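S.K.: One file: upload_25.cif (mmCIF, N, CA and C atoms).
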data_protein
#
loop_
_atom_site.group_PDB
_atom_site.id
_atom_site.type_symbol
_atom_site.label_atom_id
_atom_site.label_comp_id
_atom_site.auth_asym_id
_atom_site.auth_seq_id
_atom_site.Cartn_x
_atom_site.Cartn_y
_atom_site.Cartn_z
ATOM 1 N N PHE X 1 37.804 15.861 -2.759
ATOM 2 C CA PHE X 1 36.586 15.437 -3.440
ATOM 3 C C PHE X 1 35.420 15.387 -2.459
ATOM 4 N N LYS X 2 34.256 15.850 -2.905
ATOM 5 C CA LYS X 2 33.074 15.887 -2.056
ATOM 6 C C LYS X 2 32.407 14.519 -2.005
ATOM 7 N N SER X 3 31.924 14.155 -0.820
ATOM 8 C CA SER X 3 31.307 12.851 -0.626
ATOM 9 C C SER X 3 29.948 12.782 -1.314
ATOM 10 N N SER X 4 29.629 11.593 -1.832
ATOM 11 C CA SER X 4 28.347 11.315 -2.479
ATOM 12 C C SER X 4 27.864 9.950 -1.987
ATOM 13 N N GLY X 5 27.095 9.952 -0.906
ATOM 14 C CA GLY X 5 26.636 8.718 -0.304
ATOM 15 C C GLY X 5 25.386 8.923 0.525
ATOM 16 N N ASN X 6 24.573 7.870 0.587
ATOM 17 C CA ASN X 6 23.395 7.899 1.440
ATOM 18 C C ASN X 6 23.801 7.814 2.908
ATOM 19 N N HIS X 7 22.996 8.454 3.754
ATOM 20 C CA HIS X 7 23.290 8.659 5.173
ATOM 21 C C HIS X 7 22.009 8.395 5.962
ATOM 22 N N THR X 8 21.752 7.121 6.247
ATOM 23 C CA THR X 8 20.508 6.746 6.901
ATOM 24 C C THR X 8 20.586 7.007 8.400
ATOM 25 N N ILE X 9 19.694 7.867 8.878
ATOM 26 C CA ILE X 9 19.612 8.239 10.284
ATOM 27 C C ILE X 9 18.563 7.350 10.932
ATOM 28 N N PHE X 10 18.818 6.951 12.173
ATOM 29 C CA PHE X 10 18.059 5.902 12.836
ATOM 30 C C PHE X 10 17.292 6.482 14.017
ATOM 31 N N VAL X 11 15.998 6.166 14.089
ATOM 32 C CA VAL X 11 15.120 6.622 15.162
ATOM 33 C C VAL X 11 14.256 5.451 15.608
ATOM 34 N N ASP X 12 13.920 5.425 16.900
ATOM 35 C CA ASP X 12 13.146 4.314 17.449
ATOM 36 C C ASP X 12 11.666 4.433 17.107
ATOM 37 N N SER X 13 11.062 5.585 17.385
ATOM 38 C CA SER X 13 9.619 5.732 17.256
ATOM 39 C C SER X 13 9.239 6.179 15.852
ATOM 40 N N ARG X 14 8.165 5.588 15.324
ATOM 41 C CA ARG X 14 7.634 6.037 14.041
ATOM 42 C C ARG X 14 7.232 7.504 14.098
ATOM 43 N N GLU X 15 6.703 7.949 15.238
ATOM 44 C CA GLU X 15 6.305 9.346 15.362
ATOM 45 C C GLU X 15 7.511 10.266 15.230
ATOM 46 N N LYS X 16 8.597 9.957 15.946
ATOM 47 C CA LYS X 16 9.823 10.742 15.824
ATOM 48 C C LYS X 16 10.286 10.812 14.374
ATOM 49 N N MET X 17 10.128 9.712 13.637
ATOM 50 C CA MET X 17 10.517 9.681 12.231
ATOM 51 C C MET X 17 9.733 10.707 11.423
ATOM 52 N N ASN X 18 8.452 10.887 11.751
ATOM 53 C CA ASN X 18 7.577 11.711 10.924
ATOM 54 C C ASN X 18 7.968 13.184 10.979
ATOM 55 N N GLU X 19 8.247 13.707 12.173
ATOM 56 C CA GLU X 19 8.649 15.101 12.321
ATOM 57 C C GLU X 19 10.151 15.307 12.195
ATOM 58 N N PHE X 20 10.905 14.273 11.827
ATOM 59 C CA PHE X 20 12.349 14.408 11.716
ATOM 60 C C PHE X 20 12.700 15.522 10.739
ATOM 61 N N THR X 21 13.610 16.401 11.155
ATOM 62 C CA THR X 21 14.038 17.532 10.347
ATOM 63 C C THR X 21 15.563 17.552 10.325
ATOM 64 N N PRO X 22 16.201 17.702 9.155
ATOM 65 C CA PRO X 22 17.675 17.738 9.150
ATOM 66 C C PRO X 22 18.254 18.857 9.998
ATOM 67 N N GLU X 23 17.602 20.021 10.034
ATOM 68 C CA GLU X 23 18.079 21.104 10.888
ATOM 69 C C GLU X 23 18.078 20.689 12.352
ATOM 70 N N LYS X 24 16.959 20.138 12.825
ATOM 71 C CA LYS X 24 16.834 19.816 14.242
ATOM 72 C C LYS X 24 17.799 18.710 14.647
ATOM 73 N N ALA D 1 -66.094 7.385 -39.554
ATOM 74 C CA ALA D 1 -67.180 7.843 -38.696
ATOM 75 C C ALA D 1 -66.779 9.115 -37.957
ATOM 76 N N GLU D 2 -67.716 10.055 -37.855
ATOM 77 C CA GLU D 2 -67.431 11.326 -37.204
ATOM 78 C C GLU D 2 -67.115 11.117 -35.728
ATOM 79 N N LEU D 3 -66.084 11.810 -35.252
ATOM 80 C CA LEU D 3 -65.720 11.719 -33.848
ATOM 81 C C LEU D 3 -66.782 12.405 -32.989
ATOM 82 N N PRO D 4 -67.029 11.924 -31.770
ATOM 83 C CA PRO D 4 -67.902 12.678 -30.863
ATOM 84 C C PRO D 4 -67.338 14.065 -30.597
ATOM 85 N N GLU D 5 -68.232 15.054 -30.546
ATOM 86 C CA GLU D 5 -67.795 16.421 -30.284
ATOM 87 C C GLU D 5 -67.214 16.560 -28.884
ATOM 88 N N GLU D 6 -67.669 15.731 -27.942
ATOM 89 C CA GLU D 6 -67.152 15.802 -26.580
ATOM 90 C C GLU D 6 -65.665 15.472 -26.537
ATOM 91 N N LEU D 7 -65.238 14.461 -27.297
ATOM 92 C CA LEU D 7 -63.825 14.098 -27.321
ATOM 93 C C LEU D 7 -62.978 15.244 -27.862
ATOM 94 N N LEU D 8 -63.425 15.863 -28.957
ATOM 95 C CA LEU D 8 -62.686 16.986 -29.524
ATOM 96 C C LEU D 8 -62.637 18.156 -28.549
ATOM 97 N N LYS D 9 -63.760 18.441 -27.886
ATOM 98 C CA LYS D 9 -63.800 19.543 -26.930
ATOM 99 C C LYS D 9 -62.877 19.282 -25.746
ATOM 100 N N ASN D 10 -62.864 18.046 -25.243
ATOM 101 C CA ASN D 10 -62.026 17.722 -24.093
ATOM 102 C C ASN D 10 -60.546 17.874 -24.426
ATOM 103 N N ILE D 11 -60.137 17.416 -25.610
ATOM 104 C CA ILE D 11 -58.727 17.477 -25.983
ATOM 105 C C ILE D 11 -58.269 18.926 -26.104
ATOM 106 N N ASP D 12 -59.116 19.794 -26.664
ATOM 107 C CA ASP D 12 -58.731 21.191 -26.847
ATOM 108 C C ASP D 12 -58.513 21.886 -25.510
ATOM 109 N N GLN D 13 -59.410 21.656 -24.551
ATOM 110 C CA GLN D 13 -59.284 22.307 -23.254
ATOM 111 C C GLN D 13 -58.034 21.836 -22.521
ATOM 112 N N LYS D 14 -57.686 20.554 -22.661
ATOM 113 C CA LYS D 14 -56.494 20.035 -21.998
ATOM 114 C C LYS D 14 -55.221 20.563 -22.650
ATOM 115 N N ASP D 15 -55.203 20.655 -23.975
ATOM 116 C CA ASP D 15 -54.019 21.112 -24.695
ATOM 117 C C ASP D 15 -53.753 22.589 -24.424
ATOM 118 N N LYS D 16 -11.874 -2.141 3.511
ATOM 119 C CA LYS D 16 -11.900 -0.799 2.942
ATOM 120 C C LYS D 16 -10.606 -0.534 2.179
ATOM 121 N N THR D 17 -10.720 -0.374 0.858
ATOM 122 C CA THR D 17 -9.529 -0.238 0.024
ATOM 123 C C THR D 17 -8.788 1.061 0.324
ATOM 124 N N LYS D 18 -9.527 2.141 0.592
ATOM 125 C CA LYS D 18 -8.883 3.401 0.957
ATOM 126 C C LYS D 18 -8.016 3.230 2.198
ATOM 127 N N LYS D 19 -8.587 2.653 3.256
ATOM 128 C CA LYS D 19 -7.845 2.441 4.494
ATOM 129 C C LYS D 19 -6.737 1.409 4.321
ATOM 130 N N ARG D 20 -6.949 0.402 3.469
ATOM 131 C CA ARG D 20 -5.893 -0.578 3.235
ATOM 132 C C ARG D 20 -4.647 0.096 2.673
ATOM 133 N N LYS D 21 -4.829 1.051 1.758
ATOM 134 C CA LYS D 21 -3.701 1.854 1.302
ATOM 135 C C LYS D 21 -3.109 2.659 2.451
ATOM 136 N N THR D 22 -3.967 3.198 3.323
ATOM 137 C CA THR D 22 -3.477 3.949 4.475
ATOM 138 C C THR D 22 -2.623 3.069 5.379
ATOM 139 N N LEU D 23 -3.069 1.836 5.633
ATOM 140 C CA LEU D 23 -2.260 0.916 6.427
ATOM 141 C C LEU D 23 -0.946 0.603 5.724
ATOM 142 N N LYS D 24 -0.988 0.415 4.403
ATOM 143 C CA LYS D 24 0.244 0.204 3.651
ATOM 144 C C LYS D 24 1.167 1.408 3.777
ATOM 145 N N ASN D 25 0.607 2.617 3.700
ATOM 146 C CA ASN D 25 1.401 3.812 3.959
ATOM 147 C C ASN D 25 1.900 3.832 5.398
ATOM 148 N N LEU D 26 1.083 3.340 6.333
ATOM 149 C CA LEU D 26 1.470 3.360 7.739
ATOM 150 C C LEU D 26 2.699 2.492 7.985
ATOM 151 N N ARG D 27 2.746 1.306 7.375
ATOM 152 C CA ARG D 27 3.834 0.356 7.619
ATOM 153 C C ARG D 27 5.025 0.705 6.725
ATOM 154 N N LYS D 28 5.662 1.828 7.052
ATOM 155 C CA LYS D 28 6.889 2.250 6.388
ATOM 156 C C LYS D 28 7.949 2.507 7.447
ATOM 157 N N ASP D 29 9.092 1.842 7.302
ATOM 158 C CA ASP D 29 10.243 2.043 8.167
ATOM 159 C C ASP D 29 11.295 2.949 7.543
ATOM 160 N N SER D 30 10.941 3.694 6.497
ATOM 161 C CA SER D 30 11.892 4.466 5.710
ATOM 162 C C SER D 30 11.206 5.696 5.125
ATOM 163 N N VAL D 31 11.792 6.874 5.357
ATOM 164 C CA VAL D 31 11.329 8.132 4.773
ATOM 165 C C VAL D 31 12.545 9.013 4.523
ATOM 166 N N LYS D 32 12.424 9.938 3.573
ATOM 167 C CA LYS D 32 13.531 10.785 3.144
ATOM 168 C C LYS D 32 13.289 12.212 3.619
ATOM 169 N N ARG D 33 14.276 12.776 4.315
ATOM 170 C CA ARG D 33 14.256 14.166 4.750
ATOM 171 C C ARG D 33 15.555 14.831 4.327
ATOM 172 N N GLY D 34 15.440 15.985 3.676
ATOM 173 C CA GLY D 34 16.627 16.684 3.212
ATOM 174 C C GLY D 34 17.440 15.811 2.276
ATOM 175 N N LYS D 35 18.758 15.826 2.468
ATOM 176 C CA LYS D 35 19.674 15.014 1.679
ATOM 177 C C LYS D 35 19.947 13.653 2.308
ATOM 178 N N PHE D 36 19.423 13.387 3.502
ATOM 179 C CA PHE D 36 19.752 12.184 4.253
ATOM 180 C C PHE D 36 18.501 11.350 4.487
ATOM 181 N N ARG D 37 18.504 10.139 3.936
ATOM 182 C CA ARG D 37 17.502 9.131 4.249
ATOM 183 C C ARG D 37 17.460 8.896 5.761
ATOM 184 N N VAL D 38 16.309 8.441 6.256
ATOM 185 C CA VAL D 38 16.149 8.019 7.645
ATOM 186 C C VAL D 38 15.400 6.689 7.675
ATOM 187 N N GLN D 39 15.775 5.818 8.614
ATOM 188 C CA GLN D 39 15.227 4.470 8.727
ATOM 189 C C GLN D 39 14.765 4.219 10.160
ATOM 190 N N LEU D 40 13.624 3.542 10.309
ATOM 191 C CA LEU D 40 13.035 3.322 11.628
ATOM 192 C C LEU D 40 13.733 2.171 12.346
ATOM 193 N N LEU D 41 13.956 2.333 13.650
ATOM 194 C CA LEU D 41 14.509 1.265 14.477
ATOM 195 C C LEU D 41 13.386 0.579 15.240
ATOM 196 N N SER D 42 13.291 -0.736 15.087
ATOM 197 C CA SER D 42 12.494 -1.536 16.000
ATOM 198 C C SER D 42 13.296 -1.809 17.269
ATOM 199 N N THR D 43 12.583 -2.110 18.349
ATOM 200 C CA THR D 43 13.242 -2.343 19.627
ATOM 201 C C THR D 43 14.081 -3.614 19.563
ATOM 202 N N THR D 44 15.264 -3.570 20.182
ATOM 203 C CA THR D 44 16.166 -4.718 20.136
ATOM 204 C C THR D 44 15.568 -5.917 20.859
ATOM 205 N N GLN D 45 14.927 -5.680 22.006
ATOM 206 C CA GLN D 45 14.336 -6.779 22.761
ATOM 207 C C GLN D 45 13.262 -7.486 21.947
ATOM 208 N N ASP D 46 12.511 -6.733 21.141
ATOM 209 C CA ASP D 46 11.496 -7.346 20.291
ATOM 210 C C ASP D 46 12.127 -8.295 19.279
ATOM 211 N N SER D 47 13.229 -7.877 18.649
ATOM 212 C CA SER D 47 13.873 -8.723 17.649
ATOM 213 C C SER D 47 14.357 -10.030 18.264
ATOM 214 N N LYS D 48 14.853 -9.973 19.501
ATOM 215 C CA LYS D 48 15.232 -11.194 20.204
ATOM 216 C C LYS D 48 14.036 -12.124 20.365
ATOM 217 N N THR D 49 12.864 -11.563 20.668
ATOM 218 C CA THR D 49 11.682 -12.390 20.898
ATOM 219 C C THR D 49 11.178 -13.025 19.604
ATOM 220 N N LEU D 50 11.223 -12.292 18.495
ATOM 221 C CA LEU D 50 10.712 -12.829 17.242
ATOM 222 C C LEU D 50 11.538 -14.043 16.814
ATOM 223 N N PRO D 51 10.927 -15.055 16.196
ATOM 224 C CA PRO D 51 11.709 -16.202 15.720
ATOM 225 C C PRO D 51 12.584 -15.817 14.541
ATOM 226 N N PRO D 52 13.585 -16.640 14.211
ATOM 227 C CA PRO D 52 14.549 -16.238 13.170
ATOM 228 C C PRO D 52 13.952 -16.083 11.779
ATOM 229 N N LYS D 53 12.779 -16.666 11.509
ATOM 230 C CA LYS D 53 12.083 -16.475 10.236
ATOM 231 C C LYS D 53 12.737 -17.319 9.143
ATOM 232 N N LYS D 54 12.231 -17.229 7.910
ATOM 233 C CA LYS D 54 12.801 -17.930 6.765
ATOM 234 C C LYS D 54 13.360 -16.922 5.777
ATOM 235 N N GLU D 55 14.221 -17.402 4.884
ATOM 236 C CA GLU D 55 14.531 -16.661 3.670
ATOM 237 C C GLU D 55 13.496 -16.999 2.602
ATOM 238 N N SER D 56 13.092 -15.995 1.822
ATOM 239 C CA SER D 56 12.104 -16.240 0.774
ATOM 240 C C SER D 56 12.733 -16.920 -0.436
ATOM 241 N N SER D 57 13.972 -16.554 -0.771
ATOM 242 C CA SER D 57 14.596 -17.075 -1.985
ATOM 243 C C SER D 57 14.830 -18.578 -1.896
ATOM 244 N N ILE D 58 15.246 -19.069 -0.726
ATOM 245 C CA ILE D 58 15.529 -20.495 -0.579
ATOM 246 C C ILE D 58 14.268 -21.314 -0.832
ATOM 247 N N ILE D 59 13.130 -20.850 -0.314
ATOM 248 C CA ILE D 59 11.872 -21.553 -0.551
ATOM 249 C C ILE D 59 11.457 -21.419 -2.011
ATOM 250 N N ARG D 60 11.593 -20.216 -2.578
ATOM 251 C CA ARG D 60 11.233 -20.022 -3.979
ATOM 252 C C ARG D 60 12.142 -20.836 -4.890
ATOM 253 N N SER D 61 13.440 -20.882 -4.577
ATOM 254 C CA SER D 61 14.352 -21.729 -5.339
ATOM 255 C C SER D 61 13.895 -23.181 -5.302
ATOM 256 N N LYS D 62 13.398 -23.635 -4.151
ATOM 257 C CA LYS D 62 12.759 -24.943 -4.100
ATOM 258 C C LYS D 62 11.499 -24.964 -4.957
ATOM 259 N N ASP D 63 10.681 -23.910 -4.866
ATOM 260 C CA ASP D 63 9.378 -23.928 -5.525
ATOM 261 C C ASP D 63 9.522 -24.031 -7.038
ATOM 262 N N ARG D 64 10.426 -23.247 -7.629
ATOM 263 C CA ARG D 64 10.669 -23.385 -9.063
ATOM 264 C C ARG D 64 11.214 -24.770 -9.380
ATOM 265 N N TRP D 65 11.952 -25.360 -8.439
ATOM 266 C CA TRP D 65 12.407 -26.735 -8.607
ATOM 267 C C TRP D 65 11.257 -27.723 -8.456
ATOM 268 N N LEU D 66 10.320 -27.453 -7.542
ATOM 269 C CA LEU D 66 9.195 -28.366 -7.350
ATOM 270 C C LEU D 66 8.210 -28.308 -8.514
ATOM 271 N N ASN D 67 8.149 -27.179 -9.220
ATOM 272 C CA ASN D 67 7.231 -27.013 -10.343
ATOM 273 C C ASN D 67 7.907 -27.206 -11.698
ATOM 274 N N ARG D 68 9.099 -27.794 -11.722
ATOM 275 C CA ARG D 68 9.865 -27.911 -12.954
ATOM 276 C C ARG D 68 9.202 -28.885 -13.924
ATOM 277 N N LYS D 69 9.491 -28.693 -15.214
ATOM 278 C CA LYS D 69 8.910 -29.549 -16.245
ATOM 279 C C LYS D 69 9.362 -30.994 -16.092
ATOM 280 N N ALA D 70 10.642 -31.204 -15.775
ATOM 281 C CA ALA D 70 11.169 -32.561 -15.669
ATOM 282 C C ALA D 70 10.385 -33.383 -14.656
ATOM 283 N N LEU D 71 9.839 -32.728 -13.631
ATOM 284 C CA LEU D 71 9.130 -33.462 -12.592
ATOM 285 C C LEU D 71 7.797 -33.987 -13.108
ATOM 286 N N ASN D 72 7.215 -33.309 -14.098
ATOM 287 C CA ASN D 72 5.889 -33.657 -14.610
ATOM 288 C C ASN D 72 4.869 -33.679 -13.473
ATOM 289 N N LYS D 73 4.953 -32.674 -12.599
ATOM 290 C CA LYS D 73 4.046 -32.603 -11.459
ATOM 291 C C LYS D 73 2.598 -32.489 -11.922
ATOM 292 N N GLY D 74 2.343 -31.641 -12.918
ATOM 293 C CA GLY D 74 1.061 -31.573 -13.609
ATOM 294 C C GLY D 74 -0.189 -31.697 -12.759
#
Reformat the file's structure so that it appears as structure tokens.

M.R.:
Amino acid sequence: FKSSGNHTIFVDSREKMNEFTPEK
Amino acid sequence: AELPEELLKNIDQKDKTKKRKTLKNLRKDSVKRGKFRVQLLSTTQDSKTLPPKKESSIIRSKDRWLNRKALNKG
């Protein structure tokens, strides 16, 4: 069965959050 | 009475809330990218420095109790 859940990724800087890309 | 001819002759010849929303947008610790939410981390040392704070519900639970009808606070 495939998973269905939220996956919150954590970053320190607000700036890093803004350009966050799932690929990168 | 007859009008003066001069009068007739003369008439013929003449004829910040925006920024406040921006600040509200600025203070976001959560944004969604792709299929995975992301959440902002504050520095651990900062959290140690901040005081433990209050819970809002405990005070509100008191407040609805303080404003209850039985009290007749009025």

S.K.: Please return, as a PDB file with N, CA and C atoms, keeping the file's coordinate frame, all residues of chain X lying within 6 Å of chain D when all atoms listed in the file are considered.

M.R.:
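For reference, out_39.pdb as written:
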ATOM      1  N   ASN X   6      24.573   7.870   0.587  1.00  0.00           N
ATOM      2  CA  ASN X   6      23.395   7.899   1.440  1.00  0.00           C
ATOM      3  C   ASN X   6      23.801   7.814   2.908  1.00  0.00           C
ATOM      4  N   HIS X   7      22.996   8.454   3.754  1.00  0.00           N
ATOM      5  CA  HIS X   7      23.290   8.659   5.173  1.00  0.00           C
ATOM      6  C   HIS X   7      22.009   8.395   5.962  1.00  0.00           C
ATOM      7  N   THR X   8      21.752   7.121   6.247  1.00  0.00           N
ATOM      8  CA  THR X   8      20.508   6.746   6.901  1.00  0.00           C
ATOM      9  C   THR X   8      20.586   7.007   8.400  1.00  0.00           C
ATOM     10  N   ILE X   9      19.694   7.867   8.878  1.00  0.00           N
ATOM     11  CA  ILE X   9      19.612   8.239  10.284  1.00  0.00           C
ATOM     12  C   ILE X   9      18.563   7.350  10.932  1.00  0.00           C
ATOM     13  N   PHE X  10      18.818   6.951  12.173  1.00  0.00           N
ATOM     14  CA  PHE X  10      18.059   5.902  12.836  1.00  0.00           C
ATOM     15  C   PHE X  10      17.292   6.482  14.017  1.00  0.00           C
ATOM     16  N   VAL X  11      15.998   6.166  14.089  1.00  0.00           N
ATOM     17  CA  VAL X  11      15.120   6.622  15.162  1.00  0.00           C
ATOM     18  C   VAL X  11      14.256   5.451  15.608  1.00  0.00           C
ATOM     19  N   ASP X  12      13.920   5.425  16.900  1.00  0.00           N
ATOM     20  CA  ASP X  12      13.146   4.314  17.449  1.00  0.00           C
ATOM     21  C   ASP X  12      11.666   4.433  17.107  1.00  0.00           C
ATOM     22  N   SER X  13      11.062   5.585  17.385  1.00  0.00           N
ATOM     23  CA  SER X  13       9.619   5.732  17.256  1.00  0.00           C
ATOM     24  C   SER X  13       9.239   6.179  15.852  1.00  0.00           C
ATOM     25  N   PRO X  22      16.201  17.702   9.155  1.00  0.00           N
ATOM     26  CA  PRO X  22      17.675  17.738   9.150  1.00  0.00           C
ATOM     27  C   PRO X  22      18.254  18.857   9.998  1.00  0.00           C
TER      28      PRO X  22
END

S.K.: Using atom CA of residue D:18 and atom CA of residue X:21 as the two end points, give the distance in Å to one decimal.

M.R.: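 Between these atoms lies a distance of 28.5 Å.
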
S.K.: Could you please determine the separation between atom C of residue D:59 and atom CA of residue D:47 in Å, to one decimal place?

M.R.: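 Atom-to-atom, atom C of residue D:59 and atom CA of residue D:47 are spaced 23.5 Å apart.
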
S.K.: Around all the atoms of stretch 2-6 of chain X listed in the file, draw an axis-aligned box and extend it by 5 Å on each of the six sides; I want its centre and edge lengths in Å to one decimal, as lines of an AutoDock Vina configuration file.

M.R.:
center_x = 28.8
center_y = 11.9
center_z = 0.0
size_x = 20.9
size_y = 18.1
size_z = 15.8

S.K.: From a DSSP calculation on the backbone, collect every residue of chain D in strand (DSSP E or B) and output the set as JSON, numbers by chain.

M.R.: {"D": [30, 31, 32, 33, 36, 37, 38, 39, 40]}

S.K.: DSSP says alpha helix (DSSP H) for which residues of chain X? Put them as a ChimeraX atom specification?

M.R.: /X:14-18

S.K.: Just the number, please: distance in Å from atom CA of residue D:55 to atom C of residue D:73, one decimal.

M.R.: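 Pair atom CA of residue D:55 / atom C of residue D:73 returns 25.2 Å.
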
S.K.: Restricted to N, CA, C and O atoms, what does stretch 3-16 of chain X look like when written out as an mmCIF file, in the first residue's frame?

M.R.:
data_model
loop_
_atom_site.group_PDB
_atom_site.id
_atom_site.type_symbol
_atom_site.label_atom_id
_atom_site.label_comp_id
_atom_site.auth_asym_id
_atom_site.auth_seq_id
_atom_site.Cartn_x
_atom_site.Cartn_y
_atom_site.Cartn_z
ATOM 1 N N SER X 3 1.970 5.078 0.761
ATOM 2 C CA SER X 3 1.826 5.957 1.911
ATOM 3 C C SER X 3 1.058 7.221 1.542
ATOM 4 O O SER X 3 1.167 7.742 0.429
ATOM 5 N N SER X 4 0.266 7.710 2.499
ATOM 6 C CA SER X 4 -0.505 8.944 2.353
ATOM 7 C C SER X 4 -0.364 9.737 3.653
ATOM 8 O O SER X 4 -1.146 9.568 4.590
ATOM 9 N N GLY X 5 0.639 10.603 3.710
ATOM 10 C CA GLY X 5 0.918 11.358 4.913
ATOM 11 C C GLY X 5 1.692 12.625 4.620
ATOM 12 O O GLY X 5 2.473 12.698 3.672
ATOM 13 N N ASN X 6 1.465 13.631 5.463
ATOM 14 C CA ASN X 6 2.228 14.865 5.358
ATOM 15 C C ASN X 6 3.661 14.645 5.831
ATOM 16 O O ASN X 6 3.937 13.819 6.705
ATOM 17 N N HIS X 7 4.578 15.394 5.223
ATOM 18 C CA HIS X 7 6.023 15.220 5.385
ATOM 19 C C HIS X 7 6.651 16.605 5.524
ATOM 20 O O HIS X 7 7.153 17.178 4.555
ATOM 21 N N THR X 8 6.624 17.138 6.744
ATOM 22 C CA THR X 8 7.099 18.494 6.968
ATOM 23 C C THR X 8 8.620 18.528 7.048
ATOM 24 O O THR X 8 9.233 17.902 7.917
ATOM 25 N N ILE X 9 9.223 19.280 6.133
ATOM 26 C CA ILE X 9 10.669 19.438 6.053
ATOM 27 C C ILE X 9 11.033 20.705 6.809
ATOM 28 O O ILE X 9 10.287 21.690 6.772
ATOM 29 N N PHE X 10 12.166 20.668 7.503
ATOM 30 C CA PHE X 10 12.527 21.686 8.478
ATOM 31 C C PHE X 10 13.759 22.447 8.004
ATOM 32 O O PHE X 10 14.756 21.837 7.604
ATOM 33 N N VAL X 11 13.677 23.777 8.041
ATOM 34 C CA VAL X 11 14.769 24.658 7.639
ATOM 35 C C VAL X 11 14.884 25.779 8.663
ATOM 36 O O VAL X 11 13.878 26.209 9.239
ATOM 37 N N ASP X 12 16.115 26.251 8.884
ATOM 38 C CA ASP X 12 16.350 27.284 9.890
ATOM 39 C C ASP X 12 15.952 28.666 9.386
ATOM 40 O O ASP X 12 15.198 29.383 10.054
ATOM 41 N N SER X 13 16.445 29.057 8.215
ATOM 42 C CA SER X 13 16.264 30.420 7.736
ATOM 43 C C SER X 13 14.976 30.551 6.935
ATOM 44 O O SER X 13 14.629 29.675 6.138
ATOM 45 N N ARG X 14 14.263 31.658 7.158
ATOM 46 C CA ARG X 14 13.084 31.948 6.349
ATOM 47 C C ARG X 14 13.446 32.056 4.874
ATOM 48 O O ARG X 14 12.661 31.661 4.004
ATOM 49 N N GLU X 15 14.622 32.607 4.571
ATOM 50 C CA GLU X 15 15.033 32.734 3.178
ATOM 51 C C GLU X 15 15.187 31.363 2.534
ATOM 52 O O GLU X 15 14.654 31.119 1.446
ATOM 53 N N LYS X 16 15.880 30.442 3.212
ATOM 54 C CA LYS X 16 16.015 29.080 2.703
ATOM 55 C C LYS X 16 14.649 28.459 2.434
ATOM 56 O O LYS X 16 14.471 27.722 1.458
#
